[PDB]
2 protein chains.
Amino acid sequence: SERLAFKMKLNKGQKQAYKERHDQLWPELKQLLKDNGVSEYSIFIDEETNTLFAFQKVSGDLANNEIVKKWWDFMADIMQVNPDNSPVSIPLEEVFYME
Amino acid sequence: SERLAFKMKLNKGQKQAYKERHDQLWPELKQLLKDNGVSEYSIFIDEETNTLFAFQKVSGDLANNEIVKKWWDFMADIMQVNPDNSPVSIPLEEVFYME
């Protein structure tokens with residue numbers, strides 16, 4: 001019901017690892033995201049700037065979920081992350097929408 | 001049927017003008033986009049970097065359309081544009097999708 005977008009940062013040269021790990025995204029994480037109202041979740045890359053742009057829809061607390069935290073730990077070597085291994089994330093404000 | 005994303009550049013300090021002009025997007029342009037298979041077209045801003053991230057769905061030649069070109073001309077003072085007034089646009093490759 002709501003559209004959300006955000007920017008993340010990949011470490012230089014890690015597009016391949018990022019893509020392969022996401023091709024093998026744990027089914028537990030996919031189901032948790034769905035159970036929490038997430039759909040149509042896409043992540044796009046600007047490889048030359050090591051930038052990820054994420055878009056998702058949310059239909060109404062994953063940061064405290066054990067599986068999410070395990071995913072952060074698994075990804076922390078190739079992403080720009082905080083001390084708790086969650087990815088740095090910059091929110092992006094919607095300025096236009098046409099259905 | 002296809003998801004597309006791309007990055008554009010706004011001139012410094014022009015978020016307000018960009019948003020107001022898009023709130024008043026010409027109905028002719030909305031209809032042309034729909035007629036050409038575009039839906040769920042969102043544009044998000046990272047204001048501190050003057051960056052626009054666009055997402056849209058396309059269900060199967062707008063660059064040569066007179067109304068599109070008029071829109072480019074109308075917007076050219078506040079966007080980073082080419083000599084023909086079309087916005088500079090960097091495509092972003094999808095690296096993850098979960099329906």
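Below, chains carry the letters A, B, ... as their sequence lines are ordered, and counting in each starts from 1.
- Taken to the nearest 0.5 Å, the CD atom of A/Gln56 stands 9.5 Å off from the CZ atom of B/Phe96.
- By the rule that hydrophobic residues join a cluster once side-chain heavy atoms approach within less than 4.5 Å of another member, B/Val58 and A/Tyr97 end up as members of separate clusters.
- Residues B/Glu40 and A/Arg3 are not in side-chain contact: their nearest non-hydrogen atoms beyond the backbone lie 4.5 Å or more apart.
- Contact annotation for B/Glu94: both backbone and side-chain heavy atoms come within less than 4.5 Å of a heavy atom of chain A.
- With hydrophobic clusters built from ILVMFWY side chains whose heavy atoms lie under 4.5 angstrom apart, B/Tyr18 does not share a cluster with A/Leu92.
- Applying the 6.0 Å contact sphere to NZ of B/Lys30 captures more than 12 heavy atoms from other residues, nucleotides or ligands.
- Looking only at heavy-atom pairs under 4.5 Å with chain A, the residue among B/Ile90, B/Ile43, B/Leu52 that has the most is B/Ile43.
- Residue contact with chain A, scored on non-hydrogen atoms closer than 4.5 Å, involves the side chain of B/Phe55 exclusively.
- Both A/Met8 and A/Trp72 belong to a single network of hydrophobic side chains, linked directly or stepwise wherever heavy atoms of I, L, V, M, F, W or Y lie under 4.5 Å apart.
- Residues B/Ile78 and B/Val88 fall into different hydrophobic clusters, defined by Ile, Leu, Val, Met, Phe, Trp and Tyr side chains chained together at heavy-atom separations under 4.5 Å.
- Placement of B/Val95 and A/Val81 within a single hydrophobic cluster is found when ILVMFWY residues are connected by side-chain heavy-atom separations under 4.5 Å, directly or transitively.
- Taking each heavy atom of B/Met98 and A/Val38 in turn, the nearest pair found is CE-O, 3.8 Å.
- The heavy-atom pair separating B/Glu93 from A/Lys15 by the smallest distance is OE1-NZ, 2.7 Å.
- Atom CD of residue A/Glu99 and atom NZ of residue B/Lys34 lie 7.5 Å apart, to the nearest 0.5 angstrom.
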